[PDB]
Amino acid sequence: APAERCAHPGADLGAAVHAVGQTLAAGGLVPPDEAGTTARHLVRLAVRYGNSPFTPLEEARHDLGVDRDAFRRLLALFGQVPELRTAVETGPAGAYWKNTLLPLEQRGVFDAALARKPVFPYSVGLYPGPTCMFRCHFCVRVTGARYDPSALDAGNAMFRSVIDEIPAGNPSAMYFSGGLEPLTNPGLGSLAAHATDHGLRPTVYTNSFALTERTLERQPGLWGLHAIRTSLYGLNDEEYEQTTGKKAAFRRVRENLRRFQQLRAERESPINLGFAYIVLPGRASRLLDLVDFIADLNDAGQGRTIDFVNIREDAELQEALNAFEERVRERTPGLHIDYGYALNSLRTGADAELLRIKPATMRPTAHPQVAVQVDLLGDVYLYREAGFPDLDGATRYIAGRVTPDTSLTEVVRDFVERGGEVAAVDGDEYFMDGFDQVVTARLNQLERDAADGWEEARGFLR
C-alpha cells in the first residue's frame, strides 16, 4: 500500500498523501478541506523517521515548520494512521526499529536506562575465552595479550554463579562471545550445559576454528546451545589470511562446519547454525560466493540447512544485495537473511551511514540496564569491545568485578545507585560495538526529547 512504503527512495508520495488523507477524513480526524495538508505533514514525518530514526522531535518539528501546538496534534494523529507506522518500521531505517529499538522499548529496557534504575542487565555477554588462535590486525592478540591459564577454574566457577543469577523471562538474555575466542575455554561446554539446565537458550559467537569433532567430544554440552554463529572472516584461505594472519584457516573452518553439519543431522540436534559476514568496499560481489559456501554446507547436512546469515558493511551495493537475495532464494531458500543497520537501507538505494559516536556524544553512565559483558576475571565491562585483556584505557569501563562476595546483580546495582560515570576520553568510542552505538544514540534522543518537553512522545515511535 502506498502509505506503507513511502519512506523508500522513489516512493510515490502523491499516492501516500492521498491514502493518508482519506484515512484522516474517513475517521473524522480532520476536516476534509485540511486533510491533504495534514496528510503531507504526516507523510513527511514517516519519511523522516523511516530514514533517520534518532531525529530529535524538535528538529523534525523545525523541518516541518509548524507550531509546538500543531506538532503535538500531528504526533497524536500519526498514532491513528497504522499505515504510517508500518512505513517507518519497514522503511530504509527499518533494521533499527524492528530489530533493536522497538523490541527494547516494548520490554521497558530503555525506560529503565532512561530513569537510571538499578535493574538486572537486559543482555549479559559472557566472555569465557582465555586466548585466540587468530591474529587479526588491531586486536590485542597481535601482542602476547591473553588471560592467564590459572584464571580458568575460578573464572568458570564465577560464570556458573552468574548463570544462576539470570532472571526468568528471557531465555536468550545470556550469550557467549568475546573479546577473545570462547572455544579456547576447555569448560565452555559445561557452561553451556549449566545454562541449559537453568532454562537458558544461549548462542555462542565464535570463529569456529576449534569447533572440531575432538572439541565436541571433550565438550558435549555445546550441542545443547540454542545456536552457534560462526564469524566468517573470508571465503577462501587468501581472504582469511588477509584478515586473521593465519594460513589455511578458511579450509579448517569449512572442514569443521562440514563435519558439524553431518553430526548435527546424525544426532537430529535442534541446534541452529548461523554466520556473520562483513561486506568490504567494492567486494560486495563476494556475497554470491557466500551463497555457494552456504549451499556446500547444506550438502554436508543431508537435509539439515544453515539457518541464518548476518551481513553488515565495513559494482553497486544495491545491485549486489539484490543479486545476493535472488541467489539465496534460488540456492538456499530456507536461509534467513539479517541485514545490519546500514545495509538494510542500502537495500532500497537509500543513503545510509552507520552511527559514529564520538566522546562528546557518549553517555558517561553507559547503559548497564541494557547490556554488560563479563570476562574470565569477573570484570564487568560496560561496552562490548572493551572486554579485552591489556587493551589501552579499557579498564576505566569496568563497572565492577563479580567475585564470591559480589554478584553481577550487586555490581550493576552498586554502580547505578552511586551514579557511576566514566568521563569519555578520545578513543573510548571504539570500545562500543554497533549495538552500543544504537543504544547510546537512542538514549541521547530520548534524553533530548524529554528535555524539550516531549516526555510521553519521546523517541517518536515506541
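Note that residue numbering begins at 1 and tracks the sequence as displayed.
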Do any residues of the deposited sequence lie unmodelled between residue 255 and residue 256, and which range holds their number: none, 1 to 3, 4 to 9, or 10 or more? none
Averaging the C-alpha B factors as listed in the entry, name the stretch that ends up higher: 435-443 or 450-458. 450-458
What stretch has the higher average Cα B-factor here, 400-408 or 40-48? 400-408
In terms of CA temperature factor as recorded, identify the highest of 151, 74, 93, 200. 151
Have a look at 121, 221, 128, 79 and flag the one whose Cα has the highest B-factor in the entry. 79
Taking the C-alpha B-factors as the PDB entry records them, is residue 16 in the lowest, middle or highest third of its chain? lowest
Looking at the C-alpha B-factor of residue 181, is it in the lowest, middle or highest third of its chain? lowest
Lowest, middle or highest third - CA B-factor, residue 29: highest
By its CA B factor, does residue 98 count among the lowest, middle or highest third of the modelled residues in the chain? middle
Where does the C-alpha B-factor of residue 427 rank in its chain, lowest, middle or highest third? middle
